[PDB]
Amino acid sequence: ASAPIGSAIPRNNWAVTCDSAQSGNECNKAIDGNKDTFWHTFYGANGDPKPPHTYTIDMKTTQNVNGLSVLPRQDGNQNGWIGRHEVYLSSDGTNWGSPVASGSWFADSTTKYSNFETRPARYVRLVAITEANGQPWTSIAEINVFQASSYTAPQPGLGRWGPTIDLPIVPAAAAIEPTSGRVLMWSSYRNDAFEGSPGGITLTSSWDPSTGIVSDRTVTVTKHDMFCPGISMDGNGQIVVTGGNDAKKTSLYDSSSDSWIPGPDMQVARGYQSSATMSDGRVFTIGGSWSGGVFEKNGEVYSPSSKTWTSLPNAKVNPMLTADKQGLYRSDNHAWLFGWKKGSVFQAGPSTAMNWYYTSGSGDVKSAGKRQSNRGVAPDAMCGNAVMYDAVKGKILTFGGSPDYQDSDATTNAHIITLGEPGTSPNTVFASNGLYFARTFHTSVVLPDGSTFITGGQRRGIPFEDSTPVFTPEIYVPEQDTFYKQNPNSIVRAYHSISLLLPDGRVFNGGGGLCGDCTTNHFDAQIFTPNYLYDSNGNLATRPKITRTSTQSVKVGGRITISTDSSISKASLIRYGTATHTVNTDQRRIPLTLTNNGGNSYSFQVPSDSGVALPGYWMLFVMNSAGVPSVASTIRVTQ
């Protein structure tokens, strides 16, 4: 239920070694081409030495390695499955450096994969750190290593991909847990399938950037299969996850307690809706005909205080529908929603028509004009992305997508929308000359410096298929009104992929697939490390440190004073992100106007308008003159 990115390397001249092997289950039984023979570590009379266990391959010559695979025993024995693991490569066989991949594999007998950026190597080492259910042994029926067609060294200055994080699920939805710094991920009732769900179950997984540990959990307490949901971080600091496979349910993720809490049912059953946090910390949602029925699903609003959903039937979905050939099932999906001033929500697309949504009384909607430029009126851009990279100036960058959800050519179209007051038609212009690569199902994040990182997708949208993939990410730099290609990766990230900004300033990009017995499930993620973390020699740059903050919780309009260990030139606040199905209505950036107190002490004001400084958790980044950001300090913004 997955696949390698390369082609299997012939093994008939390989030499292998293992930390131990039972007689009859020798090390080389894992490479003899026989599914019924297997390597197994010591047991019985030779004792039961516990993991870590290690399998090392000498391929004799250099190969352009981009993955490996492990076929478990196929005789019903479950006690040697590899859980936590690391993959190492070497050119000399003695020094191995950092893992090219690490994480945790699901506990079953299916073939497991580690896919990673191509690297020339002669030696490959798999370390089984744990057995999947905590038993002493490791076994492998067949291990294979895969090679790419070629190898191209990354270009200096264009960032770096790696390592791979191996996961027990396909992470088609994800969020940062702001109080812990971990990445939260979920699939559906199964690790790679949503089809045939009985409801009431979500498999989740987390990755801790500080320890590298991948964990997992089965969530049933909210009686919610959270595949295909709306996602918003509300003003009470809880992630509101709505609908999807259980179309009327609301689940609340609480970062502080790392737990899921039941919420009230929505008034209208929805799937593939967007939701957006508002200036008052409430959550607005509209549309979503993927589940719960296909009909006009107007707005509704969630109050964290009263724990209620209230219908806003006059916040009409009709003005935001695309012209999708498939009709309403698609046309109300994945709105480009942004909470804004005075309880309003701006809808930037994907429909050509942009709209203001209002949340007083029973709701309202007002035309905000068409997304357009001197190049003409922008077509519908389903699963294009929208990123508010300067909330203070109302700036939204939009890009990509296709006129129909499926079987439709994506475009390079890109715009800058500049928001003013609710009820006014914003200025829209074309962004630079558009994307380098037409793409849909791509994902994106705003970076500390205000640039937008754009990655993945495919040129023609075909859910569950990894055709016409785009492997080269792009960064939009607003000050230059220019896009820049970055170094490419090796793993397709199209439908059901996610990206999030990490507190350490790197990008977490993963997922794709989630179609059960399909070959396109990606049980993994990769890190992109932007160029701003590297010095001129390609080594990791020294980062400025925030050595003190006057407070970590601030009201809108409030000031914060900070100390740094070195002089800084710029600072920004970036709201923590959530992601699924190309939608991320939680991220946004505020560039900060600094007062220099001298002696590397600075102060700034959080914007007084909570439609700009949307309540929730934010990352504070400072940047030195060289453009190197600190790691984030977490700030809670309230109103």
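So that there is no doubt, residue numbering starts at 1 and follows the sequence shown.
Engineer: When the Cα temperature factors in the entry are averaged, is it 473 to 481 or 548 to 556 that ends up higher?
Structural biologist: Higher mean C-alpha B-factor: 548 to 556.
Engineer: Which has the higher mean CA temperature factor in the PDB entry, 199 to 207 or 151 to 159?
Structural biologist: So the stretch with the higher mean C-alpha B-factor is 151 to 159.
Engineer: By the CA temperature factor listed in this entry, which of these ranks top: 594, 613, 573, 27?
Structural biologist: 27 has the highest C-alpha B-factor of those listed.
Engineer: Checking the entry, which one of 582, 608, 61, 578 has the top C-alpha B factor?
Structural biologist: Of the candidates given, the C-alpha B-factor peaks at 61.
Engineer: Quick check for you: using the entry's CA B-factors within this chain, is residue 441 in the lowest, middle or highest third?
Structural biologist: Bottom third by C-alpha B-factor.
Engineer: If you rank the chain by CA B-factor, which third does residue 171 end up in: lowest, middle or highest?
Structural biologist: Tercile = lowest for this residue's CA B-factor.
Engineer: Can you work out whether the C-alpha temperature factor of residue 461 puts it in the lowest, middle or highest third of the chain?
Structural biologist: Residue 461: CA B-factor falls in the middle third of its chain.
Engineer: Compare the C-alpha B factor of residue 415 with those of the other modelled residues in its chain, then answer lowest, middle or highest third.
Structural biologist: For residue 415, the deposited C-alpha B-factor lands in the lowest third.
Engineer: Compared with the other modelled residues in the chain, in which third is the CA B-factor of residue 69?
Structural biologist: Middle third of the chain for residue 69's C-alpha B-factor.
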